[PDB]
Amino acid sequence: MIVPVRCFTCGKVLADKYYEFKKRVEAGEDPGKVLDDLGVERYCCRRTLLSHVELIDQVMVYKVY
Amino acid sequence: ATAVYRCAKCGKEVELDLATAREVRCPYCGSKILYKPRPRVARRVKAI
Amino acid sequence: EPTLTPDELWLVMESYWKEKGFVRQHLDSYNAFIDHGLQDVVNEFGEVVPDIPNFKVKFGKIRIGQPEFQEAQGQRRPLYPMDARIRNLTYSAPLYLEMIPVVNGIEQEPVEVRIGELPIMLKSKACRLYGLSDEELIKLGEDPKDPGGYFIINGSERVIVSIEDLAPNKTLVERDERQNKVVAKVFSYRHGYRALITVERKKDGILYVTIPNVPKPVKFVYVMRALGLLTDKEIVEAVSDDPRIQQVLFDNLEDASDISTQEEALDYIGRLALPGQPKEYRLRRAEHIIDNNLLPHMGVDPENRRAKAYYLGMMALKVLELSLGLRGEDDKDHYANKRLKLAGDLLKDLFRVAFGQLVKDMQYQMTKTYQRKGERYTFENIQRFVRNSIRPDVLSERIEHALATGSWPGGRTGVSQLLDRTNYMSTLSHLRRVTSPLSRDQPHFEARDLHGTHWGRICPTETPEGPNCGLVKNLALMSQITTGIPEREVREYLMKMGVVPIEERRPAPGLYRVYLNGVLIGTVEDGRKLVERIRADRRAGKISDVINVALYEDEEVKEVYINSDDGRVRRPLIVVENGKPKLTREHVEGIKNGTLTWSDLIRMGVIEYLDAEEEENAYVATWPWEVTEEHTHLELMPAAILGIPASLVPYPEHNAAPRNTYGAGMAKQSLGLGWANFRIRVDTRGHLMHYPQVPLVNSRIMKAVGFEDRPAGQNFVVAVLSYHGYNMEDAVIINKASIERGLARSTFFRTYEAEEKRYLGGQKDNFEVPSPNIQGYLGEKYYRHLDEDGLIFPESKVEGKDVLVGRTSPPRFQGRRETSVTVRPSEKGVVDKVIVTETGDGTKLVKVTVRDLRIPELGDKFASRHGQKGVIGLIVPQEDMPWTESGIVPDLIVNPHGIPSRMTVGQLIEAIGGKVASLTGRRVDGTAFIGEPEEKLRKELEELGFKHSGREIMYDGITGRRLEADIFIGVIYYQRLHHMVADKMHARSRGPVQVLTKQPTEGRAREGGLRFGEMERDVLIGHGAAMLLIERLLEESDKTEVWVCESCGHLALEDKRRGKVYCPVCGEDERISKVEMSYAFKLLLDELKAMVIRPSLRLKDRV
DNA sequence: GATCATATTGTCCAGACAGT
DNA sequence: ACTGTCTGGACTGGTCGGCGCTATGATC
Ligand SMILES: [Zn+2]
Ligand SMILES: [Zn+2]
Ligand SMILES: [Zn+2]
């Protein structure tokens, strides 16, 4: 539901640059170039960033207490 | 043996005694479903 | 003009799925049942006549209110599905039926009295969630992506699986090879009652008629004479006028010439039904049997009896032609002869049964009230008298119970099942599920196998395994189910179009017969012209799209069929005229712009719904570039023939059919964020993936279905390589660092419920920590997590047999009993939430949801989307795992032996596509038959700087040397299943035993044992291990000692008070011996003695 | 209001049996 | 002595998990 902190393969941190990547993707730019300029070169980290979908915003609306 | 409870919908604190409760509900909004609040005693969770 | 592209057709299909949805059959069927089905049932029942002289009560209009619930105090409040689920309440709405008393033939003032509560389908027209936006559903605790279409009974979601039954009031003909006879059967329906009327012709040429509740098949001529026809000529042209048919009829009535009058045939029927009875009693019994059993769908009055003979004649021809080769045998599995009973029809039947029982209960109530109080109190206030003589719950407890246990009236069972909530895919699959009335153990070679009429209606791959294979299917993505329309309007339209009525013109060989819903209505001179005119009118929007017309033009017989009933599964097809499809680029542009909807496209006749009967006259083109002048239709989406879970498989055409079936079946067993409101849900078992991911190689339909919003798996960097033999035999090897980094991490939630039930005499349960002085005290440390109110604190670590809700029960026949709800002995975790509310009776109800972190380990089942499944064989550290020259360490390692044996090339294509998508950043389309070509994927992989085959140079993680072979490594979507080793490990040494057989209990929840079945005993005998078998079956299961009398072999009685052992049947206070045997053998001896059988145990010395 | 007797009587293979 | 017909019985094992049901119309 939230972006993982590190890549599952090598442990490279990706949560810092995920929201910038998502914002640039919504602007219409090619996600490959966005990943390239963000330092995400290995396709395992690219797998982690691309395949992740944000869902925590739809879980926060259901309060539990 | 009365205790404080949290409402499911409004979320405000609801106070009632379950031992001698003729009916358990939130008087503020009429909701009949309540949540038991988490205790403030510190709990320790192992990181992975 | 261009010949269109599959992208435009995909856009049209997406618009179709957006407009209608995926649970449209349930919602439409329930809406039809609500709008008129209740009214139809009420009008069918009509009125109730109690035992009151010159008085009756008739039924008026029946309406249904908003879903509301009345508490124990008496307050009526609006009810929501989340509240019903949490508080274990049935989501139902009151039914108000107005009653008009009739006194001396004068109608009185109508009385509106609630007759019960009817359960409400989720997201239906009568539901509170109808028309609500996503924000409104969120504010009510409901997932906006939830499709609805199910029922909530006692807080549990219930889904009505559709039933694939035979077409009602339709005669199907087949030949029995073993019996050497031609048999035709019709399942006539009347008010929920089904009668199987059979007409057969044996080797002797005679015709027999089988009627239910009749023990022997009687002659067709006898029933034909008893049905109203007297002379032989009447039976002669009641069937046909073909000379061969006439000669067969002459032979039949010559053989059956012994009976000439109606009374003799009725006497024969009554004698066969009830032998040894007076003649007039047999006569009236036979008359009632003929009226209420012989084709009830034609009516029950004797006036239509003659017409029933006509319906007999059309049966006889169907028997005769197949016996003479004029016509062929129709397929029983053909979907033109198969209907789909949806939730609406079953709800109508259940409501009819419940309303009939309520009517009889009300009749008894008014009879009793009139007999007790008298005429003065009855007629002084007729409004209050009728209202007080009604018990609504009597109806309600018949409806919801049938929706609770799944048992339907009439012997039908399994209609309603628990809705699958494993993930997003399972719920949709269950809501689009079709079962069959055939037995699961029966080998149905002609029924379980896939049929050619299942194209576009039944998913060809997504079927269960084992005995459920074939008999349980899923609706296709393009499958559409018809909604009922008034048949009288269709019949009037057909008559006004030029169809001569049957009663006006007799059937002729040169005339085209016209059938309406399986009933012959007349003949026309030009059947083809009539069919073309009907199709043109349907395309012009003059008539509804429900009507489907087909023409059967054989050299012998010619027929026209018009179908406008329920249960017909149809598919949308683009109409093609003169080699040009009706769908143009302008229609696609209007669909994309939003100005045109799917219903608009149906209105202009560009795309039409075709059932199995009409499609027999259609010539469909698979692709837009394959259309010719002879083609009559164009396929919208060839990939839409698959089901919802089957479309999850990327490139299913590159995989074997059993592999695709396994992948579709295991898509429902995966774990992920199925629902956004999972935390507030009170499901008894649930799973959550910590970091779910949408697959990089996904079909475009999954975006429209909603799987991308609710993923149920993760993308795994899988390298196909043999690693130390721990991936052998379908096993997989996982990376320790990947698991520690959160890959495939899951949480399992279990919900326990405790109710403060109230017993007779004012005794009730109490929610408090039990005192140590009372009996049944589990232990001091077991209540350490309880509060002063007897409820567990949230976020508290718990273990096996840990007390969650402290409950005390009143003693049976002493101190209060202990009935605390505890965690399962083999389960643990952390208490996630505690909910306190009340049930329908006002008693307190506490639901505790406990969550356990499930880190992947050995034995955890992981499956690919192509049927490749296996448990984790080893948790290999990252330093020991191999790595490629590009610096990629695989997250999973699979054996290379499993890939080619199961013919799974789609897995390799998906790996290539996943690597390409990761490297390029653009998602790779994996849709069936329109996906990205494999060669193109290899081309872009080459252009990206990698090998075309996907192989990479890898170095060993232990030795550090380069591997001599280039290892194929790519991104494959691997999903974790719910078959975790945590919930599957069972270990019992000793514990509870059954009260009957003194044997270990069943299952794992009650610390049961493991069954040593008959086969295990057989192989132990084959091994020659006598003492091992003795230790297993006897010394460890039910070992016991008994006293046996040597004089007669009876079981001696031992008295502890007297302290002596003696045989009561015999005496013999001395010759008694102790024998060691199984308690099951003692139970068998007791059963034999109860069955009046005396077993005499002749004892022998051990040496 | 709180109790209480009664609560209805699918196929296929193999062995035994009237019929000719 | 043959022949079709009526009647009777069985339909692989095991396991995980859930759902749900086992009263009522008179009587004082
Ligand atoms: Zn990485
Ligand atoms: Zn509240
Ligand atoms: Zn004895």
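Any read-out appearing in this document is the output of simple, stated calculations on the displayed coordinates, not a laboratory observation. Cβ placement follows ideal geometry from the backbone for every residue including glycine, while neighbour counts extend to all protein chains displayed.
Partner chain Cβ atoms within 10 Å, averaged over the residues of C:678-686 - can you pull that number for me?
Other-chain Cβ atoms within 10 Å of each residue's Cβ, averaged: 2.
Could you order peptides C:543-551, C:322-330 by the average number of other Cβ atoms within 10 Å of their residues, highest first?
Working: C:543-551: 20.3, C:322-330: 15.0.
The densest-packed peptide leads the list: C:543-551, C:322-330.
Amide H neighbours of C:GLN878 under 5 Å, counting only residues 5+ apart in sequence or on other chains, H built in-plane at 1.01 Å?
Amide H neighbours of C:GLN878: C:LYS736, C:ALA737.
For segment C:895-987, what is the Kirkwood hydrodynamic radius in Å, using each pair of distinct C-alpha atoms?
Averaging 1/r across every pair of different Cα atoms and inverting gives 15.5 Å.
Give the long-range amide H neighbours of C:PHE968: residues separated by 5 or more places, or on another chain, with amide H under 5 Å away, using H modelled in the peptide plane at 1.01 Å from N.
C:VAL720, C:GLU952
Apply the Karplus curve 6.51 cos²θ - 1.76 cosθ + 1.60, θ = phi - 60°, to the phi angles in segment C:153-166 and return the couplings in whole Hz, x for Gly and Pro.
Once θ is set to phi - 60°, the couplings for segment C:153-166 become 10, 6, x, 10, 6, 10, 10, 9, 6, 5, 10, 8, 9, 6 Hz.
If amide H atoms are built 1.01 Å from N in the plane of the peptide, which residues on other chains or at least 5 residues away come under 5 Å of the amide H of C:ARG158?
Excluding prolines and chain starts, which carry no amide H, the hits are C:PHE151, C:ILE152, C:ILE153, C:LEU419.
Based on other C-beta atoms within 10 Å, arrange C:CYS1066, B:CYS29 from fewest to most. Can you show the working numbers first?
Working: C:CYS1066 16, B:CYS29 13.
Taking fewest neighbouring Cβ atoms as first place, the list is B:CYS29, C:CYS1066.
Could you point to the residue in C:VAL239, C:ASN293, C:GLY276 farthest towards the positive end of segment C:197-298's charge dipole, with +1 and -1 charges on the Cβ of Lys/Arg and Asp/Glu respectively?
Of the listed residues, the answer is C:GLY276.
In segment C:292-373, how does Rg compare with the Kirkwood Rh, expressed as the Rg/Rh ratio over alpha carbon atoms?
Radius of gyration over Kirkwood radius for segment C:292-373 works out to 1.22.
Report relative contact order for chain A in percent, whole number only (criteria: Cα-Cα under 8 Å, sequence separation at least 6).
Relative contact order, chain A: 40 percent.
How big is the gap, in Å, between the Cα center of segment C:985-1048 and the Cα center of segment C:212-253?
Cα centroid of segment C:985-1048 versus Cα centroid of segment C:212-253: 65 Å apart.
Per residue of segment C:639-653, in order, report the coupling 6.51 cos²θ - 1.76 cosθ + 1.60 (Karplus, θ = phi - 60°) as ³J(HN,Hα) in whole Hz, putting x for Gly and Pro.
The phi angles translate into 6, 7, 6, 7, x, 5, x, 6, 6, 5, 5, x, 6, x, 6 Hz.
Treat chain C as a sphere of radius equal to its Kirkwood radius over Cα pairs and apply Stokes-Einstein at 25 °C in a medium of 0.890 mPa s; give the translational diffusion coefficient in µm²/s, rounded to a whole number.
70 µm²/s
Output ³J(HN,Hα) for segment C:547-552: one whole-Hz value per residue in order, computed from phi by the Karplus curve 6.51 cos²θ - 1.76 cosθ + 1.60 with θ = phi - 60°, and x for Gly and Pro.
Rounded to whole hertz, the list is 5, 10, 10, 9, 10, 10.
How high is the FRET efficiency between C:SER771 and C:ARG1006 when r is their beta carbon distance and R₀ equals 30 Å, given to the nearest 0.05?
Computed FRET efficiency for C:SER771 and C:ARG1006 comes out at 0.70.
Give the dimensionless ratio obtained when the Cα radius of gyration of the protein assembly as shown is divided by 2.2 N^0.38 Å.
Normalised Cα radius of gyration, the protein assembly as shown: 1.09.
Beyond a 30 Å Cα-Cα separation, which of these cross-linked pairs lie in this structure: C:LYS338/C:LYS869; C:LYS18/C:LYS984; C:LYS139/C:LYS869; C:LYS139/C:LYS764; C:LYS202/C:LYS558; C:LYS185/C:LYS582?
Too far apart for the 30 Å limit: C:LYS338/C:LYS869; C:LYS18/C:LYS984; C:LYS139/C:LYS869; C:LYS139/C:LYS764; C:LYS185/C:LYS582.
In bins 5 Å wide, starting from 0, what share of all Cα pairs of segment C:317-440 does each bin hold, as a percent?
Calculated over all Cα pairs of segment C:317-440, the distribution is 2, 8, 12, 12, 11, 10, 9, 8, 8, 7, 5, 4, 2, 1, 0 percent.
Using helices alone, I'd like the mean residue ellipticity at 222 nm for chain C: each DSSP H run of four-plus residues gives -39500 (n - 2.57), total over residue count, nearest 500.
Helix contribution divided over all residues of chain C: -8000 deg cm²/dmol.
Given R₀ = 45 Å, FRET efficiency for C:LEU778-A:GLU54 by Cβ-Cβ distance, to 0.05?
0.50
Under the definition of partner shielding as Cβ atoms of other protein chains within 10 Å of a residue Cβ, what is the mean value for peptide B:29-41? Each step should come with its number before you reach the end.
Details: counts 0, 2, 3, 11, 12, 6, 10, 14, 4, 9, 5, 0, 3.
Neighbouring Cβ atoms belonging to other protein chains average 6 per residue here.
How do C:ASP1101, C:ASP232 rank when sorted from fewest to most other Cβ atoms within 10 Å of their own Cβ?
Fewest-to-most Cβ neighbours within 10 Å comes out as C:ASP1101, C:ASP232.
Averaged over C:835-841, how many beta carbons belonging to a partner chain fall within 10 Å of each residue's beta carbon? Display every interim value, and only then the final one.
Values: counts 7, 13, 8, 7, 0, 0, 0.
Per residue, the average neighbour count from other chains is 5.
Based on the mean of other Cβ atoms within 10 Å per residue, sort peptides C:197-205, C:498-506 so the most packed one is first.
Going by the mean number of other Cβ atoms within 10 Å, highest first, we get C:197-205, C:498-506.
What ranking do C:271-277, C:763-769 get when scored by the average of other Cβ atoms within 10 Å per residue, highest first? The partial results should precede the final answer.
Values: C:271-277: 13.7, C:763-769: 17.7.
Per-residue Cβ counts within 10 Å, averaged per peptide and sorted highest first, yield C:763-769, C:271-277.
Using the alpha carbon gyration tensor of segment C:1012-1092, what are the three equivalent-ellipsoid semi-axes (square root of 5 times each eigenvalue), largest first, in whole Å?
Numbers: eigenvalues 191, 39, 24 Å².
Ellipsoid semi-axes (Å, largest first): 31, 14, 11.
Quick check: the angle from helix A:15-26's long axis to the longest principal axis of chain A, C-alpha only, nearest 10 degrees?
80 degrees
What order do you get for B:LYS46, C:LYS20 when you list them from fewest to most C-beta neighbours inside 10 Å? Spell out each step's value before the answer.
Values: B:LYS46 5, C:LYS20 15.
Listing B:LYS46, C:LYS20 from fewest to most nearby Cβ atoms yields B:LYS46, C:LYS20.
Find the eigenvalues of the gyration tensor of the Cα atoms of segment C:169-331, then list the square roots of 5 times those eigenvalues as equivalent ellipsoid semi-axes, largest first, in whole angstrom.
The answer is 24, 18, 15 Å, longest axis first.
Once each part is reduced to its C-alpha centroid, what is the distance from segment C:34-99 to segment C:593-669 in angstrom?
42 Å
Sequence gap at least 6, Cα distance under 8 Å: using those rules, report the relative contact order of segment C:237-291 to the nearest whole percent.
Numbers: 26 pairs, mean separation 13.2, N = 55.
Worked out over segment C:237-291, it gives 24 percent.
Can you give the alpha-carbon Rg of segment B:7-48 over 2.2 N^0.38 Å, where N counts its residues?
Against the compact-globule rule of thumb, the ratio is 1.56.
Identify unpaired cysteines across chain A, taking unpaired to mean no other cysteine Cβ lies under 4.7 Å from the residue's Cβ.
Lone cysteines by the Cβ rule: A:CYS10, A:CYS44.
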